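In: could you work out the structure for the sequence below:
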Amino acid sequence: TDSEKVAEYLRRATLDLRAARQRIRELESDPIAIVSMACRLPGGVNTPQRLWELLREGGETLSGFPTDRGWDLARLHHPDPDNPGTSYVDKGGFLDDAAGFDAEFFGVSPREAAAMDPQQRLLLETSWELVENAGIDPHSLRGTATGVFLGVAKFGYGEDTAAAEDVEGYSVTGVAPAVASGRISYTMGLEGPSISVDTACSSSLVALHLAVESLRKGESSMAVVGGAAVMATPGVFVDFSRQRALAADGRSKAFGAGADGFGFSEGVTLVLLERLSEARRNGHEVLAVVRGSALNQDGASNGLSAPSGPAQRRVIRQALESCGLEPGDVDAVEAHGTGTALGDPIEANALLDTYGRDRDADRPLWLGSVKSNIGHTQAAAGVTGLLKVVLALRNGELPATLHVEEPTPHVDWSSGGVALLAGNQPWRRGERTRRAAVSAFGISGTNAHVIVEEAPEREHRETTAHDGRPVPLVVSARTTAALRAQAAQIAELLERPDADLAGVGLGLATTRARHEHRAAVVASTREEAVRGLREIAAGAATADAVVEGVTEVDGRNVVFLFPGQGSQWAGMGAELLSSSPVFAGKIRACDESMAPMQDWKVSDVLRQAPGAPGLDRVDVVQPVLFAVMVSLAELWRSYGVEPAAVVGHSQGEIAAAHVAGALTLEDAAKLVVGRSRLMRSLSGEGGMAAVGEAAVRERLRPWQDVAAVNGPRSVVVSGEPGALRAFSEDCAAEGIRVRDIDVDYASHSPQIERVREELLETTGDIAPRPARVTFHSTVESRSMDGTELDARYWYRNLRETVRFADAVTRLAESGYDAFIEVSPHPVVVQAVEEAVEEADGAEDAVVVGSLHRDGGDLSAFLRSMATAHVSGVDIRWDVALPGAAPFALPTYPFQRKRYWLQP
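Out: Numbers count the residues shown, from 1 in each chain. What follows is the structure:
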């Protein structure tokens, strides 16, 4: 009615208003989470943990000049501050040797690797480490919309050397700021925008602001924000010593007596950013959150490179207003202090003017710096300050600044608004939310201020699911040495008292990319896993529960095989039934489908229950084998291995018919039961023998009884007992070995003709349906259809020979490479391997069984799966690990080599 539709319109208007306001808020200000970080810093620091330890303990990283870079150390040093071409400063914080690199991992000709400056190499390594640390498989990032923003300079590597053969143009592209991010995106295969920016020594925060804006707009889904600065020539030192703007001992003493120049240092630092909602929805880890930022310029001020207080006050107020907060909601501020005798007083006065005014007397703002123990880092200053703030938030402590024992008399600390950090002070999580600010000032006159806030409450929800079940471990690398180093790392990590085996397994399974060289170990106890890892890291692997291989392709066409009689070994399972739920469910369903006609249950026979039929009977051999085979096929399919082709053999073809989907389970079970019941009557009229096809064919001339051929030397002969015995004695006289098979008749012989049409009455109502797989018959050696199977086809199958080898060779020539068996015991693996080798197909063909006569446990199945996986077949291991949680893991063990350009 009218009122109903008017009320509906009112409701729609209200809902749309809510949505519009929410969208406006999302576009204006949306929290952005920090996922992970990576860094390389002087003093042998390459992990955030080491940096936090150094900051908390309290220490410096001062050092002497490098030597491998070829600098003229003897002549460069001179005590005269006015001597041209020299400097009066010899100490400094110099980063670890940069000539190391692993060109083969990324893939680069050694000449090109020598061409590139160390900045791009370190950027590549740090980017890979950063991606790995976040818990994201790097190969999963291909084709996404990830963007790169970073601050790079042109310090001047590799210009003294003259030009040479450069047809590839390596020299031009080696040293260029844009090419750095270009190469990063090219190697990682990203597709978002790539930006290289540089604004004095505050470039990193500008890049962070740009990335935040891009993420809020929605143009990109991920952001990689970083800064890099590595010196190559000592020209910068001479240039700055010309101005006498360097400390006497190279120590930065921000906010303290005896302020001097700023010590110099190198470093690279990157972080990964994503929207808070997306990170929460995707289950990533959140460490902190960024609220807002602001930018401005000093404008017309005294001189060119001189700080301006009003600009800093305005930018701080702008950032605070943009965040929608109040100045009384900040606990600590990471100040930008280079130790200069002029910038520090004005910076501190501005900070006291803005935050200090109206500050609570009992809650002073804590002031500190990071450069007091690592020195200036040029474009990487802001990101390093953010790193320190993040670490302090995570550990709940505030590191104390150094060289502060007499505060600068210019700054009036008597107001009490701002308190200077002296010793470590606890900052544990409590009621009031914890926040911090980071500021950065550039030489060109640009200013940046960023507000960071603690992560929300942890979800917790910690559960345990380890029950002693077997666990697989997979390792992979692009080189043998790298593989061994990774194995050693995992082995030493597993010895911790925690040693969450399920967590380590899951992390190895679903966080690290798989490379050419692969290896796997299946273990159920920590001691045996450590033993296997030590063995594989030793260089030579001999243990059975240890597999390894080399593979290039990452996708194979799968063909299932269903061999006939031959395995029938007492006990099919009795350990899977308890463990595997899918296997037990399939067995129970198959038993219920065929339950009507007979009485004894398949499960009871398998479980060796008392009062069950013995295994020496056709009526119990056939359906039990069929059920076991179909259950094993279902179990294999449960791990994401869908067969592209299906091949049967003898009665196994029936099981194949069910795998192809061309028949119903009940109808197939009825067929098997009827065949067994009709055939059991024809007992004691023949036998099989295994043994030169033409030679054996012509040797059968004296008699009138050939069963199947499975290879060049795989010949099966079915014959009447008298003539079979005579031929066996003749072969024994010849000396060629002959083995009989467990059978009370001779199938595919004239004995089959006795029943013949009697099968037809028992084989009515066999209405088939089209099959979604490529079932290929071994009788006609031709691909079949979903309706060509009839009682006539089954009778023909029970009467003619099998050209199994011909079908195998045809499939091998077709293009299929992955061959996998299903029977409880392998009986055809050797013949299939020989036939594949004799064919002209690819040499990457893989043949692997399912179980073994002695090995019938879930561990054996996992070992077979690992053997198939290390050769190229895709396997989703995470299914085998239910209810597990990930774990922290070490990064890739690069194999570095020296690559430097000697002037």
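
In: make it CA atoms for all contacts and neighbour counts henceforth
Out: OK.

In: stretch 729-740: end-to-end distance?
Out: 13 Å (CA to CA, to the nearest Å).

In: contacts for it next, please.
Out: For stretch 729-740, the external contacting residues (CA atoms under 8 Å, 6 or more residues apart in numbering) are 687-691, 728.

In: recalculate using a threshold of 10 Å.
Out: 687-691, 696, 699, 716-718, 723-728 (CA atoms under 10 Å, 6 or more residues apart in numbering).

In: out of the residues you listed, which sit inside helices?
Out: 696, 699, 723-728 (DSSP state H).

In: just the buried members of those?
Out: Applying 16 or more other CA atoms under 10 Å to these, the neighbour count classes 696, 723-724, 727-728 as buried.

In: can I get those residues in a markdown table with distance to residue 393?
Out: Below are those laid out as a markdown table (distance: CA to CA, whole Å):
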| residue | distance to residue 393 |
| --- | --- |
| 696 | 83 |
| 723 | 89 |
| 724 | 85 |
| 727 | 86 |
| 728 | 84 |
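
In: how about stretch 500-510: buried residues?
Out: 500-510.

In: what about the helices in the stretch 501-650 of the chain?
Out: 501-510, 526-537, 576-579, 581-594, 602-606, 618-637 (DSSP state H, counting those that start in this stretch).

In: chain center to the fourth one: distance?
Out: Read it as helix 581-594. 36 Å (CA atoms, centre = their mean, to the nearest Å).

In: for the first one, same thing?
Out: Computed by CA atoms, centre = their mean, the chain-centroid distance of helix 501-510 equals 11 Å.

In: ok, residues contacting it?
Out: 135-137, 464-476, 490, 493-494, 514, 523-526, 529, 875-889.

In: put the alpha carbons of it into PDB.
Out: Provided in PDB are the C-alpha atoms of helix 501-510 (Å, rounded to 0.1, in the frame of the first residue of the first chain):
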ATOM      1  CA  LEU A 501      56.200 -29.800  15.700                       C
ATOM      2  CA  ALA A 502      52.800 -29.200  14.100                       C
ATOM      3  CA  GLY A 503      53.400 -25.500  14.000                       C
ATOM      4  CA  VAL A 504      56.800 -25.900  12.300                       C
ATOM      5  CA  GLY A 505      55.300 -28.400   9.800                       C
ATOM      6  CA  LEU A 506      52.400 -26.000   8.900                       C
ATOM      7  CA  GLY A 507      54.700 -23.000   8.600                       C
ATOM      8  CA  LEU A 508      57.100 -24.900   6.300                       C
ATOM      9  CA  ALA A 509      54.100 -26.100   4.300                       C
ATOM     10  CA  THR A 510      52.200 -22.900   3.700                       C
END
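
In: among the contacts of helix 501-510, the buried ones, what's the PyMOL command?
Out: Command for PyMOL that selects the buried part of the contacts of helix 501-510, burial taken from 16+ other CA under 10 Å:
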select buried, resi 135+136+466+470+471+472+473+474+475+476+490+493+494+514+523+524+529+875+877+878+881+884+885+886+887+889
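
In: and the residue nearest to residue 337 when sequence neighbours are not counted, how many neighbours?
Out: Computed as CA to CA, 6 or more residues apart in numbering, the closest residue to residue 337 that is not its neighbour in sequence is residue 254, at 5.3 Å. Neighbours of residue 254 under the rule other CA atoms under 10 Å: 32.

In: with residue 109 instead?
Out: 10.

In: mind listing what the nearest residue to it once chain neighbours are set aside touches?
Out: Spatial nearest neighbour of residue 109, chain neighbours left out: residue 103 (7.3 Å); criterion: CA to CA, 6+ apart. Neighbour list for residue 103: 109-110, 112-114, 121, 894-897, 899 [criterion: CA under 10 Å, 6+ apart].

In: dump those to TSV, plus secondary structure and distance to residue 34.
Out: Below are these laid out as TSV (DSSP: H, G, I helix; E, B strand; the rest coil; distance: CA to CA, whole Å):
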residue	secondary structure	distance to residue 34
109	coil	36
110	helix	36
112	helix	35
113	helix	32
114	helix	35
121	helix	24
894	coil	26
895	coil	30
896	coil	30
897	strand	33
899	coil	34
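
In: just the buried residues of these.
Out: Here, 16+ other CA under 10 Å leaves 112-114, 121, 894, 899 buried among the contacts of residue 103.

In: from those, which two are the most distant?
Out: 112 and 894 (18.7 Å; CA to CA).

In: now do the strands in the stretch 1-150 of the chain.
Out: Taking DSSP state E, counting those that start in this stretch to define them, one finds strands in the stretch 1-150 of the chain at 32-40, 100-101, 146-151.

In: from the chain's centroid, how far away is the first one?
Out: Right, strand 32-40. 18 Å.

In: do the same with the shortest one
Out: Using CA atoms, centre = their mean, we find the averaged C-alpha position of strand 100-101 to lie 24 Å away from the chain's own average C-alpha position.

In: ok, residues contacting that strand?
Out: Applying CA under 10 Å, 6+ apart, the contact partners of strand 100-101 are 113-114, 118, 121-122, 125, 894-900.

In: give the burial count for residue 266, as a bare number.
Out: 23.

In: can you start the count at 29 instead of 1 from here on
Out: Got it, the first residue is 29 from now on, which makes the last one we talked about residue 294.

In: how much space between it and residue 84?
Out: Taken as CA to CA, the span from residue 294 to residue 84 is 21 Å.

In: returning to that earlier point: let's see which of the contacts of helix 529-538 end up in strands.
Out: 499-504, 551 (DSSP state E).

In: how deep is residue 34 tucked in, by neighbour count?
Out: Under the neighbour criterion other CA under 10 Å, residue 34 is assigned a count of 11.

In: I figured the residue nearest to residue 365 hits residue 434, correct?
Out: No - shown here, residue 282 and residue 434 do not form a contact pair, counting by CA atoms under 10 Å, at 11.1 Å.

In: and the strands in the stretch 679-828 of the chain?
Out: 715-718, 736-737, 743-747.

In: compare these and give me the one nearest residue 363.
Out: Per CA to CA, nearest to residue 363 of the strands of the stretch 679-828 of the chain: strand 736-737, 83.6 Å.

In: identify all contacting residues around the closest one.
Out: So strand 736-737 is in contact with 678, 716, 718-719, 721, 742-746, 776, 828-834, going by CA under 10 Å, 6+ apart.

In: just checking, residue 464 touches residue 359?
Out: Yes - shown here, residue 464 and residue 359 form a contact pair, counting by CA under 10 Å, at 6.0 Å.

In: the more surrounded of those two?
Out: The neighbour comparison of residue 464 against residue 359 (other CA under 10 Å) goes to residue 464, with 21 against 17.

In: residue contacts, that one?
Out: 318, 357-362, 394, 414, 417-418, 421, 478-482.

In: try 8 Å this time
Out: 358-362, 417, 479-481.

In: can I get the residues you listed in JSON lines with secondary structure and distance to residue 665?
Out: Shown next, in JSON lines, are those (three-state DSSP; distance: CA to CA, whole Å):
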{"residue": "358", "secondary structure": "coil", "distance to residue 665": "57"}
{"residue": "359", "secondary structure": "coil", "distance to residue 665": "57"}
{"residue": "360", "secondary structure": "strand", "distance to residue 665": "57"}
{"residue": "361", "secondary structure": "strand", "distance to residue 665": "58"}
{"residue": "362", "secondary structure": "strand", "distance to residue 665": "56"}
{"residue": "417", "secondary structure": "helix", "distance to residue 665": "50"}
{"residue": "479", "secondary structure": "strand", "distance to residue 665": "52"}
{"residue": "480", "secondary structure": "strand", "distance to residue 665": "49"}
{"residue": "481", "secondary structure": "strand", "distance to residue 665": "48"}
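
In: now stretch 346-365 - C-alpha only, PDB.
Out: Extracted C-alpha coordinates of stretch 346-365, given in PDB (Å, rounded to 0.1, in the frame of the first residue of the first chain):
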ATOM      1  CA  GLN A 346      47.800  20.000  11.200                       C
ATOM      2  CA  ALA A 347      48.800  16.300  11.800                       C
ATOM      3  CA  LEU A 348      47.000  16.300  15.200                       C
ATOM      4  CA  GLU A 349      43.900  17.800  13.700                       C
ATOM      5  CA  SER A 350      43.900  15.400  10.800                       C
ATOM      6  CA  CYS A 351      44.100  12.500  13.100                       C
ATOM      7  CA  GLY A 352      41.100  13.900  15.000                       C
ATOM      8  CA  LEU A 353      42.900  13.700  18.400                       C
ATOM      9  CA  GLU A 354      44.200  16.000  21.200                       C
ATOM     10  CA  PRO A 355      47.700  17.000  22.200                       C
ATOM     11  CA  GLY A 356      47.200  15.300  25.600                       C
ATOM     12  CA  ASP A 357      46.900  11.900  24.000                       C
ATOM     13  CA  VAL A 358      50.600  11.300  23.200                       C
ATOM     14  CA  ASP A 359      52.900   9.600  25.700                       C
ATOM     15  CA  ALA A 360      56.300   9.800  23.900                       C
ATOM     16  CA  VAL A 361      57.700  11.600  20.800                       C
ATOM     17  CA  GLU A 362      60.600  10.300  18.700                       C
ATOM     18  CA  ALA A 363      62.400  13.600  18.000                       C
ATOM     19  CA  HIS A 364      64.600  14.300  15.000                       C
ATOM     20  CA  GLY A 365      67.800  15.300  16.600                       C
END
